[PDB]
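Structure, as structure tokens:
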Amino acid sequence: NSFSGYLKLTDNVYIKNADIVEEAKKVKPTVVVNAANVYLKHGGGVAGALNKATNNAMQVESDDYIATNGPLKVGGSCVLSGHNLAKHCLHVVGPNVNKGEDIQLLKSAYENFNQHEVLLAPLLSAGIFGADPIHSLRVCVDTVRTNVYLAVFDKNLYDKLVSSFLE
Ligand SMILES: CC(C)[C@H](Nc1ncnc2[nH]c(-c3cnn(C)c3C#N)cc12)c1ccc2c(c1)S(=O)(=O)CCC2
């Protein structure tokens with residue numbers, strides 16, 4: 001868990017302008033969070049990038065999990081191997097509001113983080129999932145009670161988020 005260059009927002013939330021994949025390779029965290037969908041199909045975005053860094057091992061493991069257990073619920077999670085990125089990967093499904101899912105499920109999604117003492121995570125439901133990223137940071141700060149290190153791979157958005165938090 002050798003996180004470097006993060007800015008501490010609250011006693012348990014830290015943030016950095018960084019690619020979560022590069023962070024996971026350098027830090028070797030106990031847990032890395034994937035921004036998953038309910039069938040664990042890592043087709044693009046954060047999930048595709050994490051799977052590619054495992055050379056597709058994450059996708060094969062995910063398909064076997066879904067065969068035995070069925071899909072996740074929106075707001076839910078499962079723990080699978082971290083492969084070369086972490087000890088464990090926490091696959092968390094935030095709502096996709098561009099596909100009509102309820103933004104109130106973002107609180108449920110972040111509540112999954114509280115079962116793990118330390119996590120490297122992306123900003124849930126941001127990007128093409130369509131949630132307002134400033135709102136997602138506020139739900140993270142108000143919900144997560146364990147130690148979360150957020151990697152946001154866009155300097156423009158990182159600056160907006162920090163300036164929103166410090167108002
Ligand atoms: C807001 C945005 C800046 C942020 N992106 C990221 N945040 C942190 N580490 C990242 N690595 C990469 C990366 C690394 N390689 N490649 C080819 C990619 C891609 N794509 C992207 C990325 C973000 C946060 C949450 C979500 C998404 C995007 S989404 O659009 O994938 C939908 C799911 C929820």
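The way I read the labels, and the way they are meant: chains A, B, ... in the order of the structure tokens, residue 1 as the first residue of every chain, and ligand 1 as the first ligand shown, with later ones counted on from there.
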
Q: Pick out each residue of chain A that DSSP on the backbone tags as strand (DSSP E or B); I need them as an MDAnalysis selection string.
A: chainID A and resid 7:8 13:17 31:35 77:81 88:92 118:121 147:152

I need the chosen residues saved as a tab-separated table (two decimals), in the first residue's frame, with C-alpha atoms.
chain	number	residue	atom	x	y	z
A	7	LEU	CA	-3.81	14.84	-1.65
A	8	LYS	CA	-5.65	14.07	1.62
A	13	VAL	CA	-10.31	9.91	1.50
A	14	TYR	CA	-7.23	10.69	-0.67
A	15	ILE	CA	-7.12	11.70	-4.38
A	16	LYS	CA	-4.56	11.72	-7.22
A	17	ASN	CA	-4.43	12.64	-10.91
A	31	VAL	CA	-7.63	-4.14	-2.95
A	32	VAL	CA	-8.20	-2.49	-6.30
A	33	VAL	CA	-11.82	-1.54	-7.15
A	34	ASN	CA	-13.14	-2.20	-10.66
A	35	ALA	CA	-15.97	-0.05	-12.04
A	77	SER	CA	-20.15	-6.18	-5.52
A	78	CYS	CA	-18.05	-9.35	-5.47
A	79	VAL	CA	-14.44	-10.08	-4.44
A	80	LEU	CA	-12.26	-11.89	-7.00
A	81	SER	CA	-8.50	-12.22	-7.55
A	88	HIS	CA	-7.98	-8.76	-4.47
A	89	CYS	CA	-10.22	-7.01	-6.98
A	90	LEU	CA	-13.50	-5.64	-5.59
A	91	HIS	CA	-15.84	-5.51	-8.61
A	92	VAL	CA	-18.44	-2.80	-7.74
A	118	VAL	CA	-7.56	0.07	2.35
A	119	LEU	CA	-8.63	0.42	-1.33
A	120	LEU	CA	-7.38	1.94	-4.59
A	121	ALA	CA	-10.51	2.99	-6.50
A	147	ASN	CA	-9.22	4.30	3.77
A	148	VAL	CA	-9.82	5.01	0.08
A	149	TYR	CA	-7.27	6.29	-2.47
A	150	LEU	CA	-9.06	7.67	-5.58
A	151	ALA	CA	-7.21	7.71	-8.89
A	152	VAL	CA	-8.81	10.05	-11.44

Using only C-alpha atoms and all ligand atoms, tabulate the residues of chain A lying at most 9 Å from any atom of ligand 1, each with its closest atom pair and that distance in Å to one decimal, by chain and increasing residue number, as JSON lines.
{"residue": "A:17", "atom": "CA", "partner": "ligand 1", "partner_atom_place_in_ligand_line": "8 (C)", "distance": 8.2}
{"residue": "A:18", "atom": "CA", "partner": "ligand 1", "partner_atom_place_in_ligand_line": "9 (N)", "distance": 6.2}
{"residue": "A:19", "atom": "CA", "partner": "ligand 1", "partner_atom_place_in_ligand_line": "9 (N)", "distance": 3.7}
{"residue": "A:20", "atom": "CA", "partner": "ligand 1", "partner_atom_place_in_ligand_line": "9 (N)", "distance": 3.9}
{"residue": "A:21", "atom": "CA", "partner": "ligand 1", "partner_atom_place_in_ligand_line": "11 (N)", "distance": 5.9}
{"residue": "A:22", "atom": "CA", "partner": "ligand 1", "partner_atom_place_in_ligand_line": "11 (N)", "distance": 8.0}
{"residue": "A:23", "atom": "CA", "partner": "ligand 1", "partner_atom_place_in_ligand_line": "9 (N)", "distance": 8.5}
{"residue": "A:34", "atom": "CA", "partner": "ligand 1", "partner_atom_place_in_ligand_line": "33 (C)", "distance": 8.5}
{"residue": "A:35", "atom": "CA", "partner": "ligand 1", "partner_atom_place_in_ligand_line": "33 (C)", "distance": 5.1}
{"residue": "A:36", "atom": "CA", "partner": "ligand 1", "partner_atom_place_in_ligand_line": "33 (C)", "distance": 7.1}
{"residue": "A:37", "atom": "CA", "partner": "ligand 1", "partner_atom_place_in_ligand_line": "33 (C)", "distance": 8.5}
{"residue": "A:44", "atom": "CA", "partner": "ligand 1", "partner_atom_place_in_ligand_line": "20 (N)", "distance": 6.2}
{"residue": "A:45", "atom": "CA", "partner": "ligand 1", "partner_atom_place_in_ligand_line": "31 (O)", "distance": 3.3}
{"residue": "A:46", "atom": "CA", "partner": "ligand 1", "partner_atom_place_in_ligand_line": "31 (O)", "distance": 4.1}
{"residue": "A:47", "atom": "CA", "partner": "ligand 1", "partner_atom_place_in_ligand_line": "31 (O)", "distance": 6.5}
{"residue": "A:48", "atom": "CA", "partner": "ligand 1", "partner_atom_place_in_ligand_line": "19 (C)", "distance": 7.2}
{"residue": "A:49", "atom": "CA", "partner": "ligand 1", "partner_atom_place_in_ligand_line": "15 (N)", "distance": 4.8}
{"residue": "A:50", "atom": "CA", "partner": "ligand 1", "partner_atom_place_in_ligand_line": "14 (C)", "distance": 7.6}
{"residue": "A:52", "atom": "CA", "partner": "ligand 1", "partner_atom_place_in_ligand_line": "15 (N)", "distance": 8.7}
{"residue": "A:93", "atom": "CA", "partner": "ligand 1", "partner_atom_place_in_ligand_line": "33 (C)", "distance": 8.9}
{"residue": "A:94", "atom": "CA", "partner": "ligand 1", "partner_atom_place_in_ligand_line": "34 (C)", "distance": 7.7}
{"residue": "A:96", "atom": "CA", "partner": "ligand 1", "partner_atom_place_in_ligand_line": "33 (C)", "distance": 8.2}
{"residue": "A:121", "atom": "CA", "partner": "ligand 1", "partner_atom_place_in_ligand_line": "8 (C)", "distance": 7.9}
{"residue": "A:122", "atom": "CA", "partner": "ligand 1", "partner_atom_place_in_ligand_line": "24 (C)", "distance": 5.2}
{"residue": "A:123", "atom": "CA", "partner": "ligand 1", "partner_atom_place_in_ligand_line": "24 (C)", "distance": 4.7}
{"residue": "A:124", "atom": "CA", "partner": "ligand 1", "partner_atom_place_in_ligand_line": "25 (C)", "distance": 5.1}
{"residue": "A:125", "atom": "CA", "partner": "ligand 1", "partner_atom_place_in_ligand_line": "34 (C)", "distance": 4.5}
{"residue": "A:126", "atom": "CA", "partner": "ligand 1", "partner_atom_place_in_ligand_line": "25 (C)", "distance": 4.3}
{"residue": "A:127", "atom": "CA", "partner": "ligand 1", "partner_atom_place_in_ligand_line": "30 (O)", "distance": 3.6}
{"residue": "A:128", "atom": "CA", "partner": "ligand 1", "partner_atom_place_in_ligand_line": "30 (O)", "distance": 4.1}
{"residue": "A:129", "atom": "CA", "partner": "ligand 1", "partner_atom_place_in_ligand_line": "32 (C)", "distance": 4.9}
{"residue": "A:130", "atom": "CA", "partner": "ligand 1", "partner_atom_place_in_ligand_line": "32 (C)", "distance": 8.0}
{"residue": "A:131", "atom": "CA", "partner": "ligand 1", "partner_atom_place_in_ligand_line": "34 (C)", "distance": 8.8}
{"residue": "A:133", "atom": "CA", "partner": "ligand 1", "partner_atom_place_in_ligand_line": "1 (C)", "distance": 7.2}
{"residue": "A:150", "atom": "CA", "partner": "ligand 1", "partner_atom_place_in_ligand_line": "8 (C)", "distance": 8.1}
{"residue": "A:151", "atom": "CA", "partner": "ligand 1", "partner_atom_place_in_ligand_line": "8 (C)", "distance": 5.1}
{"residue": "A:152", "atom": "CA", "partner": "ligand 1", "partner_atom_place_in_ligand_line": "7 (N)", "distance": 4.3}
{"residue": "A:153", "atom": "CA", "partner": "ligand 1", "partner_atom_place_in_ligand_line": "7 (N)", "distance": 4.3}
{"residue": "A:154", "atom": "CA", "partner": "ligand 1", "partner_atom_place_in_ligand_line": "3 (C)", "distance": 4.8}
{"residue": "A:155", "atom": "CA", "partner": "ligand 1", "partner_atom_place_in_ligand_line": "3 (C)", "distance": 8.3}
{"residue": "A:156", "atom": "CA", "partner": "ligand 1", "partner_atom_place_in_ligand_line": "3 (C)", "distance": 8.9}
{"residue": "A:157", "atom": "CA", "partner": "ligand 1", "partner_atom_place_in_ligand_line": "3 (C)", "distance": 6.8}
{"residue": "A:158", "atom": "CA", "partner": "ligand 1", "partner_atom_place_in_ligand_line": "3 (C)", "distance": 8.3}

Can I get the selected residues back with N, CA and C atoms, as a short mmCIF file (atom, residue, chain, number, x, y, z; two decimals), in the first residue's frame?
data_model
loop_
_atom_site.label_atom_id
_atom_site.label_comp_id
_atom_site.auth_asym_id
_atom_site.auth_seq_id
_atom_site.Cartn_x
_atom_site.Cartn_y
_atom_site.Cartn_z
N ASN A 17 -4.31 12.62 -9.44
CA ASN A 17 -4.43 12.64 -10.91
C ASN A 17 -3.57 11.51 -11.44
N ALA A 18 -4.18 10.37 -11.79
CA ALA A 18 -3.42 9.19 -12.19
C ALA A 18 -4.34 8.17 -12.84
N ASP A 19 -3.68 7.29 -13.64
CA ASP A 19 -4.33 6.11 -14.24
C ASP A 19 -4.36 5.02 -13.16
N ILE A 20 -5.56 4.52 -12.82
CA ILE A 20 -5.68 3.47 -11.83
C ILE A 20 -4.83 2.24 -12.16
N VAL A 21 -4.65 1.94 -13.45
CA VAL A 21 -3.84 0.76 -13.84
C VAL A 21 -2.38 0.98 -13.41
N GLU A 22 -1.81 2.15 -13.74
CA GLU A 22 -0.42 2.44 -13.38
C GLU A 22 -0.27 2.49 -11.85
N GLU A 23 -1.26 3.05 -11.15
CA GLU A 23 -1.24 3.04 -9.69
C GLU A 23 -1.20 1.62 -9.17
N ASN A 34 -12.76 -2.32 -9.25
CA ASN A 34 -13.14 -2.20 -10.66
C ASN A 34 -14.53 -1.55 -10.74
N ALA A 35 -14.67 -0.65 -11.73
CA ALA A 35 -15.97 -0.05 -12.04
C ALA A 35 -16.70 -1.02 -13.01
N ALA A 36 -17.29 -2.05 -12.44
CA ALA A 36 -17.89 -3.18 -13.18
C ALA A 36 -19.32 -2.90 -13.65
N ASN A 37 -19.83 -3.79 -14.49
CA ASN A 37 -21.23 -3.94 -14.82
C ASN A 37 -21.73 -5.28 -14.29
N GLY A 44 -14.54 -2.06 -21.98
CA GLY A 44 -13.98 -0.74 -22.27
C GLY A 44 -13.87 0.05 -20.98
N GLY A 45 -13.39 1.29 -21.11
CA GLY A 45 -13.24 2.15 -19.95
C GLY A 45 -12.30 1.57 -18.91
N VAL A 46 -12.57 1.91 -17.64
CA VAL A 46 -11.72 1.46 -16.52
C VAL A 46 -11.63 -0.07 -16.47
N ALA A 47 -12.80 -0.73 -16.60
CA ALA A 47 -12.81 -2.19 -16.49
C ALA A 47 -11.98 -2.85 -17.60
N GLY A 48 -12.15 -2.36 -18.86
CA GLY A 48 -11.35 -2.89 -19.96
C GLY A 48 -9.87 -2.71 -19.73
N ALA A 49 -9.47 -1.54 -19.22
CA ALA A 49 -8.05 -1.25 -18.94
C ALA A 49 -7.48 -2.15 -17.85
N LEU A 50 -8.24 -2.36 -16.76
CA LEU A 50 -7.77 -3.29 -15.72
C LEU A 50 -7.65 -4.72 -16.25
N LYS A 52 -7.17 -5.67 -19.40
CA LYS A 52 -6.03 -5.75 -20.32
C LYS A 52 -4.71 -5.86 -19.57
N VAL A 93 -20.59 -2.43 -8.85
CA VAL A 93 -21.47 -1.93 -9.88
C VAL A 93 -22.14 -0.61 -9.41
N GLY A 94 -21.65 0.53 -9.89
CA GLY A 94 -22.37 1.80 -9.69
C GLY A 94 -23.50 1.90 -10.72
N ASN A 96 -25.54 3.20 -13.85
CA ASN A 96 -25.30 3.81 -15.14
C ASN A 96 -26.51 4.69 -15.40
N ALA A 121 -9.23 3.02 -5.82
CA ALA A 121 -10.51 2.99 -6.50
C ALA A 121 -10.64 4.10 -7.54
N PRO A 122 -11.49 3.88 -8.54
CA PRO A 122 -11.90 4.95 -9.46
C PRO A 122 -13.13 5.69 -8.89
N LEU A 123 -13.50 6.81 -9.55
CA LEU A 123 -14.66 7.62 -9.12
C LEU A 123 -15.92 6.95 -9.68
N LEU A 124 -16.69 6.26 -8.83
CA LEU A 124 -17.78 5.42 -9.33
C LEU A 124 -18.80 6.23 -10.11
N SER A 125 -19.32 5.59 -11.18
CA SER A 125 -20.41 6.09 -12.02
C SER A 125 -20.03 7.35 -12.84
N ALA A 126 -18.77 7.76 -12.80
CA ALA A 126 -18.33 8.91 -13.61
C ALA A 126 -18.10 8.46 -15.08
N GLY A 127 -17.52 9.33 -15.90
CA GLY A 127 -17.29 9.01 -17.30
C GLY A 127 -18.59 8.64 -17.99
N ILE A 128 -18.52 7.58 -18.78
CA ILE A 128 -19.66 7.23 -19.63
C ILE A 128 -20.83 6.62 -18.84
N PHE A 129 -20.67 6.36 -17.52
CA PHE A 129 -21.83 5.96 -16.71
C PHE A 129 -22.74 7.20 -16.42
N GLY A 130 -22.27 8.44 -16.66
CA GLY A 130 -23.14 9.61 -16.68
C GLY A 130 -23.45 10.29 -15.38
N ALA A 131 -22.97 9.84 -14.21
CA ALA A 131 -23.21 10.58 -12.98
C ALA A 131 -22.36 11.85 -12.99
N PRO A 133 -19.63 13.90 -11.68
CA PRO A 133 -18.46 13.46 -10.88
C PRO A 133 -18.30 14.21 -9.56
N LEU A 150 -8.41 7.49 -4.27
CA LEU A 150 -9.06 7.67 -5.58
C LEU A 150 -8.09 8.12 -6.63
N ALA A 151 -8.01 7.35 -7.71
CA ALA A 151 -7.21 7.71 -8.89
C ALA A 151 -8.14 8.20 -9.97
N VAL A 152 -7.96 9.46 -10.42
CA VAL A 152 -8.81 10.05 -11.44
C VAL A 152 -7.90 10.42 -12.62
N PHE A 153 -8.07 9.76 -13.76
CA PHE A 153 -7.12 9.90 -14.86
C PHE A 153 -7.49 11.05 -15.79
N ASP A 154 -7.51 12.27 -15.25
CA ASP A 154 -7.84 13.47 -16.06
C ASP A 154 -7.53 14.68 -15.18
N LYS A 155 -6.51 15.45 -15.55
CA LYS A 155 -6.08 16.55 -14.72
C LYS A 155 -7.16 17.62 -14.61
N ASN A 156 -7.91 17.84 -15.73
CA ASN A 156 -8.97 18.85 -15.71
C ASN A 156 -10.03 18.49 -14.67
N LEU A 157 -10.47 17.23 -14.66
CA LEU A 157 -11.48 16.79 -13.72
C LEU A 157 -10.92 16.77 -12.29
N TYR A 158 -9.68 16.29 -12.10
CA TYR A 158 -9.03 16.31 -10.79
C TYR A 158 -9.06 17.73 -10.20
#

Just the residues within 7 Å of segment 1-5 of chain A, please, counting only C-alpha atoms, with nothing from its chain fewer than 5 positions along; format it as an mmCIF file with N, CA, C and O atoms, in the first residue's frame.
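Result file part-v7.cif:
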data_model
loop_
_atom_site.group_PDB
_atom_site.id
_atom_site.type_symbol
_atom_site.label_atom_id
_atom_site.label_comp_id
_atom_site.auth_asym_id
_atom_site.auth_seq_id
_atom_site.Cartn_x
_atom_site.Cartn_y
_atom_site.Cartn_z
ATOM 1 N N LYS A 16 -5.721 11.509 -6.348
ATOM 2 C CA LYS A 16 -4.559 11.724 -7.222
ATOM 3 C C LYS A 16 -4.994 11.772 -8.658
ATOM 4 O O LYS A 16 -5.879 11.023 -9.088
ATOM 5 N N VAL A 27 1.780 0.426 -6.739
ATOM 6 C CA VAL A 27 1.410 0.312 -5.339
ATOM 7 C C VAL A 27 1.218 -1.092 -4.869
ATOM 8 O O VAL A 27 1.472 -1.376 -3.660
ATOM 9 N N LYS A 28 0.713 -1.981 -5.731
ATOM 10 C CA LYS A 28 0.417 -3.356 -5.336
ATOM 11 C C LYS A 28 -0.588 -3.364 -4.154
ATOM 12 O O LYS A 28 -0.278 -3.850 -3.075
ATOM 13 N N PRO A 29 -1.703 -2.638 -4.243
ATOM 14 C CA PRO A 29 -2.582 -2.479 -3.078
ATOM 15 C C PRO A 29 -3.184 -3.790 -2.673
ATOM 16 O O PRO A 29 -3.318 -4.735 -3.478
ATOM 17 N N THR A 30 -3.661 -3.824 -1.436
ATOM 18 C CA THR A 30 -4.426 -5.007 -1.005
ATOM 19 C C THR A 30 -5.677 -5.197 -1.859
ATOM 20 O O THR A 30 -6.036 -6.324 -2.205
#

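Pairwise distance (atom CA of residue 139 of chain A, atom CA of residue 87 of chain A) equals 25.9 Å.
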
Q: From segment 15-72 of chain A, collect each residue whose DSSP state is helix (DSSP H, G or I) and return the set as JSON, numbers by chain.
A: {"A": [20, 21, 22, 23, 24, 25, 26, 27, 45, 46, 47, 48, 49, 50, 51, 52, 53, 57, 58, 59, 60, 61, 62, 63, 64, 65, 66, 67, 68, 69]}

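Relative to atom CA of residue 160 of chain A, atom CA of residue 134 of chain A is found at 8.0 Å.
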